[PDB]
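# What the coordinates show
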Amino acid sequence: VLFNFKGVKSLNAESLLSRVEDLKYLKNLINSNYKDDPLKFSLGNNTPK
DNA sequence: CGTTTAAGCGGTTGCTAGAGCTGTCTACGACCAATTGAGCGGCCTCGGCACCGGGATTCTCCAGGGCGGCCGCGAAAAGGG
C-alpha cells in the first residue's frame, strides 16, 4: 500500500491511518484512568505473547 | 749557601725633541638676521586577517520486499465392531 500525496512517493497509506487510531486510543485510555500518574498504568488481565 | 751576573753609579759625545718666549697673520668659528624644510601630531586609505551568507559534497537512518518457522487445523488413509 503506497501512494503519493504532495510529491512524496511510497508513502504508507495503510500505516498512517493505523497509527492515527492507535495513538488516539492509547492517549484516551491513559488519560481516562491514569490522569494523575501515567506511571501507574497496568495491563490488567490481558496476557500478551 | 756558593757563585755569577747584572743593577747602580759615574762618564763621554754629539744631535734632536721639547718647553718657553716673541711676533705675524689668516683661515675659522662665534654671532645675527631671514628663511625654510625637517620633525611631531593628526587625518585618510589600503593589505591582510577575519566574520558571515550561500552553494557543493559525503555520511546516517527508516521503511519495503522476500524468506523461515509456528499453529493448531483439517482432509484423508487405515484399523475395529
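Here, every reference points to the structure presented above.
Overview of the structure. (Residues numbered from 1 in each chain as written, not as in the entry; some residues may be left out. Chains lettered and ligands numbered in written order. Part of a larger assembly, values for the part shown. Heavy atoms only, no water. Residues with missing side-chain atoms left out of burial classes, pairs and counts.)

Of regular secondary structure, chain A possesses one helix and two strands. Taken from N to C terminus, the helices and strands of chain A fall in the order β-β-α. Its C-alpha atoms put chain A at 45 × 25 × 15 Å along the principal axes. (Helix = DSSP H or I, 4+ residues; strand = E, 2+ residues; numbered from the N terminus.)

Okay, unusual backbone geometry next. The backbone of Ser10 shows a phi angle near 60°, a positive value even though the residue is not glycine. Summarising the element assignment, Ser10 is placed in the loop between β1 (2–3) and β2 (11–12).

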